[PDB]
Each structure stands twice: as structure tokens, then as C-alpha cells.
Amino acid sequence: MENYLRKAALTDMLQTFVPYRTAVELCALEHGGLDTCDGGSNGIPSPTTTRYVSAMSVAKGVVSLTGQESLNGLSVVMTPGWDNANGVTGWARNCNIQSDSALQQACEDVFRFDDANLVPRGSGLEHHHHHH
């Protein structure tokens with residue numbers, strides 16, 4: 001339930017992302033593009049792993065964290081939005097761990113996500129059958 005020690009670790013992991021957020025915003029602001037916000041280009045450092053970091057990728061400002069801490073098998077998908085037309089500019093968080101709901105309990109605590117601020121994830125059904 002609590003898991004404060006691991007939680008604070010995940011908190012620090014999130015706190016490590018915080019500085020990079022500015023770089024993400026700088027990218028989208030200066031280059032006017034989310035498309036330029038990839039790891040290893042546009043001033044954004046190349047995707048790498050620190051001692052505690054297991055894996056992380058940077059794609060169009062979106063960043064996936066994989067097997068981080070006890071959350072082995074789990075992948076967190078941080079999806080920043082930059083849509084002035086939708087009045088939205090924030091980071092959407094999602095925990096994808098299919099085999100271990102227990103790990104989700106830990107990640108969702110720090111990476112907590114509101115219904116409106118989570119990127120939708122589904123099994124097998126991602127394609128939208130609109131063209132009939």
C-alpha cells in the first residue's frame with residue numbers, strides 16, 4: 001500500500017524528468033515543433049541510462065520509461081501535449097504493466113494520472129473503425 005521507500009525512488013525518477021521537461025518545452029517553443037523533440041537532437045541529450053535508470057526513450061517529447069526500479073516489465077508513457085487550439089499543454093502519464101498490477105500501484109502513485117491527462121491504452125483495439 002504505502003511503499004514509501006520505493007515511492008520516493010519513483011518520485012526522484014520523476015524529479016529527474018522535471019529538468020528535461022524544460023528542454024522539451026524549449027524544444028517545442030523554439031523549434032515550434034514536438035516533432036523535433038527527439039533524444040539526441042535539437043539540444044536534447046541522447047537517450048541513455050544513469051546508474052538507477054533502467055531504460056528510457058525520447059520520441060517527439062514523449063518519453064517511455066521501461067523496467068524502472070522494482071517496476072521491471074512495466075513501461076511508463078509520458079505524453080506531453082502542445083495544442084493551443086485545445087487549450088492543452090501538459091504531460092500525460094500512463095502505466096503499462098500487463099503481468100503485474102502490483103507494480104502499477106507503485107508507479108501510478110507518483111506518475112498519477114487523471115482521466116483527462118492520461119494517454120489511452122488498449123489491448124488489440126487501438127485502431128478506430130470509422131471507415132465503414
# chains A, B, ... in the order shown; residues from 1 in each chain; ligands from 1
call {"tool": "closest_atom_pairs", "arguments": {"of": "segment 51-71 of chain A", "to": "segment 87-97 of chain A", "cutoff": "10 Å", "atoms": "only C-alpha atoms", "output": "tab-separated table"}}
result
residue	atom	partner	partner_atom	distance
A:61	CA	A:91	CA	9.5
A:62	CA	A:91	CA	8.6
A:63	CA	A:93	CA	9.7
A:64	CA	A:94	CA	9.4
A:65	CA	A:95	CA	9.4
A:66	CA	A:96	CA	9.4
A:67	CA	A:97	CA	9.5
A:71	CA	A:97	CA	8.3
call {"tool": "residues_around", "arguments": {"residues": "residue 68 of chain A", "least_positions_apart": "5", "cutoff": "8 Å", "atoms": "only C-alpha atoms", "output": "mmCIF file with C-alpha atoms, in the first residue's frame"}}
result
data_model
loop_
_atom_site.group_PDB
_atom_site.id
_atom_site.type_symbol
_atom_site.label_atom_id
_atom_site.label_comp_id
_atom_site.auth_asym_id
_atom_site.auth_seq_id
_atom_site.Cartn_x
_atom_site.Cartn_y
_atom_site.Cartn_z
ATOM 1 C CA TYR A 52 19.447 3.822 -11.297
ATOM 2 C CA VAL A 53 17.737 4.291 -14.668
ATOM 3 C CA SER A 54 16.994 1.020 -16.417
ATOM 4 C CA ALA A 55 15.738 2.356 -19.748
ATOM 5 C CA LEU A 74 6.447 -2.015 -16.560
ATOM 6 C CA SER A 75 6.566 0.831 -19.055
#
call {"tool": "residues_around", "arguments": {"residues": "segment 18-24 of chain A", "least_positions_apart": "5", "cutoff": "10 Å", "atoms": "only C-alpha atoms", "output": "list in words"}}
result
residues 12, 13, 29, 30, 33, 34, 36, 37, 38, 39, 42, 43, 44, 45, 58, 60, 61, 62, 80, 90 and 91 of chain A
call {"tool": "write_last_selection", "arguments": {"atoms": "C-alpha atoms", "output": "CSV table (one decimal), in the first residue's frame"}}
result
chain,number,residue,atom,x,y,z
A,12,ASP,CA,13.1,11.1,-7.6
A,13,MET,CA,12.9,9.5,-11.0
A,29,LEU,CA,8.7,26.5,-28.1
A,30,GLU,CA,11.9,27.4,-30.0
A,33,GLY,CA,7.6,21.5,-33.0
A,34,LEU,CA,7.0,18.5,-30.9
A,36,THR,CA,11.9,18.0,-33.2
A,37,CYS,CA,11.9,16.9,-29.5
A,38,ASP,CA,13.7,13.6,-30.0
A,39,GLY,CA,16.6,12.3,-27.9
A,42,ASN,CA,17.6,19.7,-31.2
A,43,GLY,CA,19.7,20.3,-28.0
A,44,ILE,CA,18.1,17.3,-26.3
A,45,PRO,CA,20.6,14.8,-25.0
A,58,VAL,CA,12.5,10.2,-26.1
A,60,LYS,CA,8.6,13.7,-30.1
A,61,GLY,CA,8.8,14.8,-26.5
A,62,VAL,CA,7.1,11.6,-25.4
A,80,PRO,CA,3.3,15.9,-23.4
A,90,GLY,CA,0.8,19.3,-20.1
A,91,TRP,CA,2.3,15.9,-19.6
call {"tool": "atom_distance", "arguments": {"atom1": "atom CA of residue 99 of chain A", "atom2": "atom CA of residue 59 of chain A"}}
result
25.1 Å
call {"tool": "atom_distance", "arguments": {"atom1": "atom CA of residue 48 of chain A", "atom2": "atom CA of residue 114 of chain A"}}
result
28.7 Å
call {"tool": "atom_distance", "arguments": {"atom1": "atom CA of residue 117 of chain A", "atom2": "atom CA of residue 14 of chain A"}}
result
16.1 Å
call {"tool": "select_by_dssp", "arguments": {"residues": "segment 3-131 of chain A", "states": "helix (DSSP H, G or I)", "output": "compact mmCIF listing (two decimals) with C-alpha atoms, in the first residue's frame"}}
result
# COMPACT_ATOMS: atom_id res chain seq x y z
CA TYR A 4 7.33 4.94 0.70
CA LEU A 5 10.94 3.95 0.02
CA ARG A 6 10.26 2.74 -3.50
CA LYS A 7 7.73 5.53 -3.93
CA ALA A 8 10.34 8.19 -3.10
CA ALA A 9 12.66 6.49 -5.58
CA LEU A 10 10.00 6.77 -8.25
CA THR A 11 9.46 10.32 -7.05
CA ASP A 12 13.14 11.08 -7.60
CA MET A 13 12.90 9.46 -11.02
CA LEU A 14 10.06 11.86 -11.76
CA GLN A 15 12.17 14.69 -10.32
CA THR A 16 14.89 13.70 -12.77
CA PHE A 17 12.40 14.09 -15.63
CA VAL A 18 11.44 17.56 -14.37
CA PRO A 19 14.68 19.25 -15.68
CA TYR A 20 14.21 17.53 -19.05
CA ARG A 21 10.65 18.87 -19.27
CA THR A 22 12.05 22.37 -19.64
CA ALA A 23 14.19 21.10 -22.52
CA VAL A 24 11.08 19.55 -24.04
CA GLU A 25 9.20 22.84 -23.70
CA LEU A 26 12.21 24.77 -25.02
CA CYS A 27 12.28 22.44 -28.00
CA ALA A 28 8.55 22.79 -28.76
CA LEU A 29 8.74 26.54 -28.13
CA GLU A 30 11.90 27.45 -30.04
CA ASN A 84 -3.17 25.71 -28.12
CA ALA A 85 -6.33 25.01 -30.12
CA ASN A 86 -7.38 22.51 -27.45
CA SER A 101 -0.88 -4.86 -11.27
CA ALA A 102 1.12 -4.54 -8.03
CA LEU A 103 3.85 -2.61 -9.82
CA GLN A 104 1.21 -0.30 -11.25
CA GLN A 105 0.12 0.59 -7.72
CA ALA A 106 3.61 1.93 -7.11
CA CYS A 107 4.06 3.81 -10.38
CA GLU A 108 0.52 5.22 -10.54
CA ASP A 109 1.13 6.78 -7.14
CA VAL A 110 3.97 9.01 -8.37
CA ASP A 115 -8.72 10.57 -16.79
CA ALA A 116 -8.22 13.67 -18.92
CA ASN A 117 -4.44 13.62 -18.53
call {"tool": "select_by_dssp", "arguments": {"residues": "chain A", "states": "strand (DSSP E or B)", "output": "PyMOL selection string"}}
result
chain A and resi 56-59+62-66+75-80+83+88+91-92+95-96
call {"tool": "write_last_selection", "arguments": {"atoms": "N, CA, C and O atoms", "output": "short mmCIF file (atom, residue, chain, number, x, y, z; two decimals), in the first residue's frame"}}
result
data_model
loop_
_atom_site.label_atom_id
_atom_site.label_comp_id
_atom_site.auth_asym_id
_atom_site.auth_seq_id
_atom_site.Cartn_x
_atom_site.Cartn_y
_atom_site.Cartn_z
N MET A 56 15.02 4.31 -20.96
CA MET A 56 14.17 5.45 -21.29
C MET A 56 14.38 5.87 -22.73
O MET A 56 15.51 5.88 -23.23
N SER A 57 13.30 6.23 -23.39
CA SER A 57 13.35 6.66 -24.78
C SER A 57 12.65 8.01 -24.92
O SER A 57 11.71 8.30 -24.19
N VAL A 58 13.12 8.83 -25.86
CA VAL A 58 12.54 10.15 -26.07
C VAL A 58 12.08 10.27 -27.51
O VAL A 58 12.90 10.29 -28.43
N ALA A 59 10.78 10.36 -27.71
CA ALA A 59 10.21 10.42 -29.05
C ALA A 59 9.17 11.51 -29.14
O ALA A 59 8.08 11.41 -28.58
N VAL A 62 7.61 12.78 -26.16
CA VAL A 62 7.07 11.65 -25.42
C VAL A 62 8.22 10.78 -24.93
O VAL A 62 9.16 10.52 -25.67
N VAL A 63 8.15 10.32 -23.68
CA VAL A 63 9.25 9.56 -23.12
C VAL A 63 8.73 8.31 -22.41
O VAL A 63 7.86 8.39 -21.53
N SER A 64 9.21 7.17 -22.85
CA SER A 64 8.84 5.91 -22.24
C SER A 64 9.94 5.39 -21.31
O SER A 64 11.10 5.27 -21.70
N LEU A 65 9.54 5.11 -20.07
CA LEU A 65 10.43 4.57 -19.06
C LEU A 65 10.16 3.08 -18.92
O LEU A 65 9.01 2.69 -18.71
N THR A 66 11.18 2.26 -19.03
CA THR A 66 10.97 0.82 -19.03
C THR A 66 11.73 0.13 -17.90
O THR A 66 12.89 0.43 -17.64
N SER A 75 6.16 -0.27 -18.21
CA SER A 75 6.57 0.83 -19.05
C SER A 75 5.67 2.04 -18.80
O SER A 75 4.44 1.94 -18.87
N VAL A 76 6.28 3.17 -18.48
CA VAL A 76 5.54 4.40 -18.26
C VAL A 76 5.63 5.27 -19.50
O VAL A 76 6.72 5.49 -20.03
N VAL A 77 4.50 5.77 -19.98
CA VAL A 77 4.49 6.56 -21.20
C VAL A 77 4.10 8.00 -20.89
O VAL A 77 2.93 8.30 -20.62
N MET A 78 5.08 8.88 -20.90
CA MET A 78 4.85 10.30 -20.67
C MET A 78 4.60 11.00 -22.00
O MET A 78 5.51 11.13 -22.81
N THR A 79 3.37 11.45 -22.21
CA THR A 79 2.99 12.06 -23.48
C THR A 79 2.61 13.54 -23.29
O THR A 79 1.47 13.86 -22.95
N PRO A 80 3.57 14.45 -23.48
CA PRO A 80 3.32 15.90 -23.44
C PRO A 80 2.46 16.38 -24.61
O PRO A 80 2.67 15.98 -25.76
N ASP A 83 -1.13 21.68 -27.71
CA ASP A 83 -2.22 22.06 -28.59
C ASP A 83 -2.94 23.28 -28.04
O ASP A 83 -3.83 23.16 -27.19
N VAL A 88 -4.52 22.89 -24.36
CA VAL A 88 -3.83 21.89 -23.57
C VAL A 88 -2.31 21.98 -23.74
O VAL A 88 -1.80 22.11 -24.86
N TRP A 91 1.72 17.18 -19.41
CA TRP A 91 2.30 15.87 -19.61
C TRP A 91 1.31 14.78 -19.19
O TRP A 91 0.87 14.75 -18.04
N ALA A 92 0.98 13.90 -20.12
CA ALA A 92 0.07 12.80 -19.83
C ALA A 92 0.86 11.57 -19.41
O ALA A 92 1.85 11.21 -20.04
N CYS A 95 0.74 4.08 -16.99
CA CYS A 95 1.49 2.91 -16.56
C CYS A 95 1.04 1.67 -17.31
O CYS A 95 -0.11 1.25 -17.18
N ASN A 96 1.93 1.08 -18.10
CA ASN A 96 1.60 -0.15 -18.79
C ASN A 96 2.39 -1.31 -18.20
O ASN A 96 3.59 -1.45 -18.44
#
